[PDB]
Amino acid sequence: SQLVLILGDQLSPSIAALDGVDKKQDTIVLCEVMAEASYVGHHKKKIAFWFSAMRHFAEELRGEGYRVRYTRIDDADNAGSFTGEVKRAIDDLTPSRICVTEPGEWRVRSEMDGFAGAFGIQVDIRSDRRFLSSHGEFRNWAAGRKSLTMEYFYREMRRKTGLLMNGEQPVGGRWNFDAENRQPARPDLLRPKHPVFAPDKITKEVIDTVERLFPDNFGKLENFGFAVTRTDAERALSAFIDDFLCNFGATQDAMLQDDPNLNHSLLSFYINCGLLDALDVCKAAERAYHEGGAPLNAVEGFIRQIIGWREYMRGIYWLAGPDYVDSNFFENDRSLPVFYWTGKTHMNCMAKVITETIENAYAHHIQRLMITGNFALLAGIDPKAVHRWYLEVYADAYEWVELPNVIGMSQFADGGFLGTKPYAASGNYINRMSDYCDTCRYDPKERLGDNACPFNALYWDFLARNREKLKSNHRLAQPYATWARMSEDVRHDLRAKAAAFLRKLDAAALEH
């Protein structure tokens, strides 16, 4: 008989490990196991989402006729590790083999590589076919290139899937419509509200348990609205296609104080644990285009984020190896400011985004990149500490997708390995793309003096102190030219102002 192990982010009835299961003799094993349980950064809503999502999946599998062994977070016998739980399961079920789908984390994959020797039983680790490229295919793709860029890989995924393909030509005569998706947005108070799902009996029980076992963890549990069933996740997909997809590209980079969601889909939490399938989501958007529900620049832009970025990050993560997390191109050692955990900062943009993170366990892409990520980059934060924050505070966070977004795209801590450019930006960018500055005590137009937006001096200081490593970068040529034409006294005053702000950070850090 088989022991079929299914992990917390593999909540799909077509997951590879269920291939060829004998429903009457095999047993599916689901275990609420948290290796980092004592890390208080993990958002309470994320933990509640994990476990509620997993308990509904166990019930769904039983309704399908499977035999399911379930261990809760609060079970007295919970061994606290996948190995310990698999050992407890072997004792009950006396299987002749273990089937499991390859995990999405370096550390968990290695642990499972040890099952065969630790238990003396056959172990079959199956390739996770929810991704379009195997590890080997992606490695061979990268070997033929020398400089990796997402856009090359995306073109290959467009051909492999057929999405928005007319034979071997892209639908509409163009591969990518990003150029049309970059304007700022004014508020639109008729934009519909996003779907929320009231907690059912199982979710309320998880919510109470999380409050009881992680009382001092980051984040609020109030107004938990995540879908936790396959059917409700699809209701969230439907809501996005009917209400927001047609305007998705229009506002893709915009930020608004009173609208935390704009036209984003808010489906990442569901795709990443298996309640939605990535290719099914793209096909839904593609259908919307042919039925006239959305324009091409919006549909292609949406699909590019999933079979382009999301599939690319997965390949980068496995190709870069376990020690990618140690990338530190600029040699930063500064710790993460405590206001990333509290929101208690006078920078209005940072305050609002961190607050939304506290309350919702979600922020949309341009806030992760250009607000909290940009600040950490400019401030010279240790990239590993930035990594820990993003992995812990967002409900769609898993290492394989978060790490290449933090190490590569946001912090440039790999020196540009995945092909992006440095996203350093001054307060002038935030003032154009958002209305955060309108109610901020600081002034985005000032770089010196007590009123000045902190991003302005920090932007120049970042460029100045990293000049040897960045001067050849084409996209920074104009900024470095402007810098070299300032007087020595102006350059000196900008760096002294930046030092004074970094000093405020260091003095607070050397409290705790």
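Heads up: residue numbers just count along the shown sequence, starting at 1.
Set 264 to 272 against 196 to 204 and average the Cα temperature factors; 196 to 204 ends up higher. Of the two segments examined, 358 to 366 and 143 to 151, it is 143 to 151 that shows the higher average Cα temperature factor in the deposited entry. Across the residues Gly167, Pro337, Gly419, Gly104, the deposited record lists the maximum Cα B factor for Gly167.
Considering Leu458, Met54, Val33, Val29 together, the PDB entry gives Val33 the largest C-alpha B factor. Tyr70 sits in the lowest third of its chain by CA B factor, as recorded in the PDB entry. When the modelled residues of the chain are ordered by C-alpha B-factor, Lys44 sits in the middle third. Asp243: CA B factor in the middle third of modelled residues in this chain (values from the PDB entry).
Per-chain ranking of the deposited C-alpha B factor places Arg182 in the highest third.
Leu61 sits in the lowest third of its chain by CA B factor, as recorded in the PDB entry.
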